[PDB]
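> Dropping the structure in here first, questions after.
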Amino acid sequence: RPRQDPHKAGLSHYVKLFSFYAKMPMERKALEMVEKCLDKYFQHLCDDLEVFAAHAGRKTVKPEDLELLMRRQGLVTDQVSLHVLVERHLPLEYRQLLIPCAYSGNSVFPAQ
Amino acid sequence: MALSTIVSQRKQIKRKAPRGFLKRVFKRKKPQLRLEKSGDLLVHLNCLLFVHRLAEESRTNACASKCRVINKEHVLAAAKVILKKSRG
Amino acid sequence: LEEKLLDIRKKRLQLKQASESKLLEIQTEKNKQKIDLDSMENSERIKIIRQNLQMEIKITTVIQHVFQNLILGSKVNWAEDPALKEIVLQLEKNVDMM
Amino acid sequence: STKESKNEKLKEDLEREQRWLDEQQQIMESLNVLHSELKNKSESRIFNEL
Amino acid sequence: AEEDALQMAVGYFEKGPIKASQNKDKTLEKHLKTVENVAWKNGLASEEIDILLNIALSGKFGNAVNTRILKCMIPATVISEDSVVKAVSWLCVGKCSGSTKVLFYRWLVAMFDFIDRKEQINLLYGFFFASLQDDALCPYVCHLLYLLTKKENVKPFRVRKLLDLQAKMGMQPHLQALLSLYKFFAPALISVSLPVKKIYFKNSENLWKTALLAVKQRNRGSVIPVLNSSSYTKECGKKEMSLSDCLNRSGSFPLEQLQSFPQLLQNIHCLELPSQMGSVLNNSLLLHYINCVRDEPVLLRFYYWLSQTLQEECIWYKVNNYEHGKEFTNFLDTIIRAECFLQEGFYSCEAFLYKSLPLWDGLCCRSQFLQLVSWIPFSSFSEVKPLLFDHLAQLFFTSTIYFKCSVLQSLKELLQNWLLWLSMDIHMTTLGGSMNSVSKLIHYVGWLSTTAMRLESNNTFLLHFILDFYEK
């Protein structure tokens, strides 16, 4: 008779992925405070997205706002673009929606 | 294996992202906004690189103290450096 | 029972004796046929032509696999066109067997 | 009792040896045909196929 | 009747859907129900198989509809090979959604045997390989690629792709199975050690499993080394391909393909030998090959392996191991059954008897040890007397009556074997010399028998065996 908090369902995905990268046995008490770290990151992440959108004069959040954030984070540099990072870390089905490629009569999707 | 300590995951779960979860969490915190249809995926990418950073820093602290099991004081120390670095 | 067994065993041993010599002569004939062909080692033409084989095969292999992936990525129905259809079937086949 | 045991083993050996003889006859016929076929069956010609 | 209703439904699908006709949806339901009833009752003929699959993957009928045709698809007759080729081409278009794509691969794996010809399927290995990229279809494509894989399909660049997928997803069980199959075909490229056999591909009950029962009714109505291909140090560092290979001349028969006697009959003259020659011991088809070879390197390899193994496994000799007990008996039984065929004894066994006979107590492995004695090659009696019979006689006179009967049995069998081998030679040491040895053996056993009768006080149980010898 299981009952699961929907909020904990989302965090459980990244918590398991954490144990894959660690490559060390990890104590149970370390698990839940990583969950504590994640929600703090999400809260502060959303706050930053407000200002960058607000500065541009549009309330809607567009991808180039996310590019601007990651450049300040140091993830995106002159050599490593946004397209390069998607290729390395995301599956094929997610790649089609994000990165545009021309095919079948020079048709490009998404339009860029 | 004891309940208290969890062994490293040999096989990663399917790389499918929880798109529904990201939309609601972004919705409740800032209801007034609307996010573009593909913006959820990029947020998922941003979260991966954060967790990847957190795992590397925690491992170094555990090895520095000559500990074979990652402990809570190791990861909290990792959190302080990464969280400030993660904000830009 | 013993009277039957003796005859069976005798016939089996005769068969073994005959088969051994027959197979030995076949093996030695086949081995003789192989060795002399290898030792031709003509220098005026053979090494000249063989190196051409080493290069034309490699180029044809690359074109085969490049053409295969372009068809997949173009997202077209190749089976509908008979002219393109028979090209697709030939791509996987090795050029060495040719 | 010993004689009964001997007879049982003799019958089993008989059937097994019969099977072996059948297989070996087949192999002998195959070898004969193959040797006959091979018996029934240079730089200039070699350079041609290349 | 029913056929006419089935025909109208088939043509109805080919016509295409109508947006404004809600009634035809009910007409669709009864038409689609009729196909289901025909499929469950008897299935569908080959001609209409090619029809609906093109329609099902076409995607004008929607995911909700197209899903349930695949479930009810039943091969009453053999599936045409050209039908599958058209179906794969429609997947390249990509109109069908994820649910349709998953169902197609599950169906084809289940229905793999029913395709009449698999030659043109193997020519589409490249297209199935590309689907490994998408995570949704990965477990099912791995199962399909497991069956189609042959030696030509494994290529070095495809080897790199599989390793790259393993870094991203980790230790996926369905990838470990596929990688092992790749290592077997090309051991010079990959090295995998796998822990131990669990079922890698989940044997979940497929949707058509119950229907297959109806279709099946219609159709119905280690001490010894393991077998492995010849060691891959063959060729190894080679400057260039041989001229014979360049001209595609002959070759050898791979060991994995040899699985039936008719296959052995065709290719007896050219065969691939195992990496370790002790594996021939329990393989019946290779025993027929070594029955008539008499080649020297193979004899030496077998000699060294068997002599070392016997020395290490024996019970009263070389560190006196008693733990093996039953294992040694089973090994000896296998050896005896192997040399009853081939109608001769191994050279290793003779050396083992000559070395270990002095230390034997006469009871440990009586049956097998005494059955090894019968297969001693013909030789002059004076030479082998000090080696064998001096120990056998000393063990004979001081033992129980059952040991005496056992040795009389073994000597009778030895005499029969010697006579059998001598008779064929005269059809082909001189003959006068040869008869002297057998006469000396007969006189020796007569001396044994007379003294044994004196020691045992005229027991009739022994006299039966003594007369059994002279019957032969």
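Just remember, in the structure tokens the first chain shown is A, the second B, etc., residues are 1-based per chain, and ligands are 1-based in the order shown.
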Find the residues of chain C that sit at most 12 Å from chain D; for each, write down the nearest two atoms and how far apart they are in Å, to one decimal. Count only C-alpha atoms. Sort by chain, then by number going up, and give it as a Markdown table.


| residue | atom | partner | partner_atom | distance |
| --- | --- | --- | --- | --- |
| C:1 | CA | D:10 | CA | 6.7 |
| C:2 | CA | D:10 | CA | 7.5 |
| C:3 | CA | D:14 | CA | 10.6 |
| C:4 | CA | D:14 | CA | 7.9 |
| C:5 | CA | D:14 | CA | 6.1 |
| C:6 | CA | D:14 | CA | 9.8 |
| C:7 | CA | D:18 | CA | 10.6 |
| C:8 | CA | D:18 | CA | 7.0 |
| C:9 | CA | D:17 | CA | 7.5 |
| C:10 | CA | D:21 | CA | 10.2 |
| C:11 | CA | D:21 | CA | 7.8 |
| C:12 | CA | D:21 | CA | 5.8 |
| C:13 | CA | D:21 | CA | 9.4 |
| C:14 | CA | D:24 | CA | 10.5 |
| C:15 | CA | D:28 | CA | 7.0 |
| C:16 | CA | D:24 | CA | 7.9 |
| C:17 | CA | D:28 | CA | 10.5 |
| C:18 | CA | D:28 | CA | 8.1 |
| C:19 | CA | D:28 | CA | 6.1 |
| C:20 | CA | D:28 | CA | 9.7 |
| C:21 | CA | D:31 | CA | 10.5 |
| C:22 | CA | D:31 | CA | 7.2 |
| C:23 | CA | D:31 | CA | 7.1 |
| C:24 | CA | D:35 | CA | 10.7 |
| C:25 | CA | D:35 | CA | 8.7 |
| C:26 | CA | D:35 | CA | 6.5 |
| C:27 | CA | D:35 | CA | 10.0 |
| C:28 | CA | D:35 | CA | 11.8 |
| C:29 | CA | D:38 | CA | 9.3 |
| C:30 | CA | D:38 | CA | 9.1 |
| C:33 | CA | D:38 | CA | 11.4 |
| C:36 | CA | D:42 | CA | 10.3 |
| C:37 | CA | D:42 | CA | 8.7 |
| C:38 | CA | D:46 | CA | 11.2 |
| C:39 | CA | D:43 | CA | 10.8 |
| C:40 | CA | D:43 | CA | 7.2 |
| C:41 | CA | D:43 | CA | 9.5 |
| C:42 | CA | D:43 | CA | 7.8 |
| C:43 | CA | D:43 | CA | 11.2 |
| C:44 | CA | D:47 | CA | 10.9 |
| C:45 | CA | D:47 | CA | 8.0 |
| C:46 | CA | D:47 | CA | 7.3 |
| C:47 | CA | D:47 | CA | 11.0 |
| C:48 | CA | D:50 | CA | 11.1 |
| C:49 | CA | D:50 | CA | 7.5 |
| C:50 | CA | D:50 | CA | 8.1 |
| C:51 | CA | D:50 | CA | 11.3 |
| C:52 | CA | D:50 | CA | 10.1 |
| C:53 | CA | D:50 | CA | 8.6 |
| C:98 | CA | D:50 | CA | 11.4 |

> For residue 61 (chain A), find every residue with an atom within 7 Å (counting only C-alpha atoms), except residues of its own chain fewer than 6 positions away, and show them as an MDAnalysis selection string.

(chainID A and resid 53) or (chainID B and resid 35:36)

> What separation in Å, quoted to one decimal, exists between CA of residue 252 (chain E) and CA of residue 229 (chain E)?

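CA of residue 229 (chain E) lies 11.9 Å from CA of residue 252 (chain E).
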
> Near residue 69 (chain C), counting only C-alpha atoms, which residues have an atom at most 12 Å away, once you skip same-chain residues fewer than 5 positions from it, shown as an mmCIF file with N, CA, C and O atoms, in the first residue's frame?


data_model
loop_
_atom_site.group_PDB
_atom_site.id
_atom_site.type_symbol
_atom_site.label_atom_id
_atom_site.label_comp_id
_atom_site.auth_asym_id
_atom_site.auth_seq_id
_atom_site.Cartn_x
_atom_site.Cartn_y
_atom_site.Cartn_z
ATOM 1 N N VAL C 62 34.095 2.485 -48.014
ATOM 2 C CA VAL C 62 33.695 3.748 -47.401
ATOM 3 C C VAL C 62 32.474 4.325 -48.105
ATOM 4 O O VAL C 62 31.532 4.796 -47.457
ATOM 5 N N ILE C 63 32.462 4.291 -49.438
ATOM 6 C CA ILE C 63 31.330 4.836 -50.182
ATOM 7 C C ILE C 63 30.060 4.055 -49.869
ATOM 8 O O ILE C 63 28.962 4.622 -49.825
ATOM 9 N N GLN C 64 30.189 2.749 -49.644
ATOM 10 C CA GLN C 64 29.022 1.923 -49.358
ATOM 11 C C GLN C 64 28.323 2.369 -48.078
ATOM 12 O O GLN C 64 27.095 2.486 -48.037
ATOM 13 N N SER C 74 17.786 10.965 -44.719
ATOM 14 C CA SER C 74 16.922 11.779 -45.567
ATOM 15 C C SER C 74 15.451 11.512 -45.289
ATOM 16 O O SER C 74 14.591 12.304 -45.694
ATOM 17 N N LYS C 75 15.143 10.406 -44.609
ATOM 18 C CA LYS C 75 13.770 10.054 -44.239
ATOM 19 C C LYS C 75 12.876 9.916 -45.468
ATOM 20 O O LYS C 75 11.799 10.509 -45.542
ATOM 21 N N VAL C 76 13.323 9.127 -46.439
ATOM 22 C CA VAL C 76 12.558 8.884 -47.656
ATOM 23 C C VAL C 76 12.222 7.404 -47.733
ATOM 24 O O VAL C 76 12.906 6.558 -47.150
ATOM 25 N N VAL C 88 19.905 -0.367 -52.488
ATOM 26 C CA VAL C 88 19.965 -0.535 -51.038
ATOM 27 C C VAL C 88 20.360 -1.959 -50.677
ATOM 28 O O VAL C 88 21.162 -2.185 -49.763
ATOM 29 N N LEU C 91 24.196 -2.730 -50.909
ATOM 30 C CA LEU C 91 25.169 -1.989 -50.110
ATOM 31 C C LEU C 91 25.827 -2.873 -49.057
ATOM 32 O O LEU C 91 27.033 -2.763 -48.809
ATOM 33 N N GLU C 92 25.051 -3.750 -48.417
ATOM 34 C CA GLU C 92 25.602 -4.574 -47.346
ATOM 35 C C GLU C 92 26.543 -5.650 -47.875
ATOM 36 O O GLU C 92 27.456 -6.075 -47.158
ATOM 37 N N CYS E 92 11.555 4.022 -41.654
ATOM 38 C CA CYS E 92 12.484 5.098 -41.977
ATOM 39 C C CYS E 92 11.750 6.414 -42.200
ATOM 40 O O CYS E 92 12.306 7.491 -41.963
ATOM 41 N N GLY E 126 22.116 -3.005 -41.277
ATOM 42 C CA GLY E 126 22.496 -1.642 -40.948
ATOM 43 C C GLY E 126 21.347 -0.822 -40.393
ATOM 44 O O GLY E 126 21.526 -0.047 -39.450
ATOM 45 N N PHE E 127 20.155 -0.976 -40.969
ATOM 46 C CA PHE E 127 19.021 -0.161 -40.544
ATOM 47 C C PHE E 127 18.582 -0.504 -39.127
ATOM 48 O O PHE E 127 18.215 0.387 -38.353
ATOM 49 N N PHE E 128 18.601 -1.789 -38.768
ATOM 50 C CA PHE E 128 18.240 -2.170 -37.405
ATOM 51 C C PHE E 128 19.272 -1.676 -36.403
ATOM 52 O O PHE E 128 18.932 -1.365 -35.257
ATOM 53 N N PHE E 129 20.539 -1.604 -36.812
ATOM 54 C CA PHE E 129 21.589 -1.167 -35.900
ATOM 55 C C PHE E 129 21.409 0.290 -35.500
ATOM 56 O O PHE E 129 21.744 0.676 -34.374
ATOM 57 N N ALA E 130 20.881 1.114 -36.404
ATOM 58 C CA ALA E 130 20.766 2.541 -36.123
ATOM 59 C C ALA E 130 19.719 2.821 -35.055
ATOM 60 O O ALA E 130 19.762 3.865 -34.394
#

> Give the residues of chain B that lie within 10 Å of chain E; count only C-alpha atoms, and format the answer as a count of residues only.

8

> Based on only C-alpha atoms, which of the residues in chain E come within 7 Å of chain C? I want them as a PDB file with C-alpha atoms, in the first residue's frame.


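So iface_17.pdb came out as:
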ATOM      1  CA  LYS E  86       8.516  -2.956 -47.230  1.00  0.00           C
ATOM      2  CA  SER E  89      11.196   1.102 -45.180  1.00  0.00           C
ATOM      3  CA  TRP E  90       8.075   2.657 -43.658  1.00  0.00           C
ATOM      4  CA  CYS E  92      12.484   5.098 -41.977  1.00  0.00           C
ATOM      5  CA  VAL E  93       9.716   7.559 -42.862  1.00  0.00           C
ATOM      6  CA  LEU E 123      20.954  -7.469 -45.888  1.00  0.00           C
ATOM      7  CA  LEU E 243      47.178 -15.379 -52.711  1.00  0.00           C
ATOM      8  CA  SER E 244      44.810 -18.317 -52.208  1.00  0.00           C
ATOM      9  CA  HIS E 269      38.284 -33.809 -45.365  1.00  0.00           C
ATOM     10  CA  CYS E 292      41.104 -42.138 -39.271  1.00  0.00           C
ATOM     11  CA  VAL E 293      43.749 -39.413 -39.083  1.00  0.00           C
TER      12      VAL E 293
END
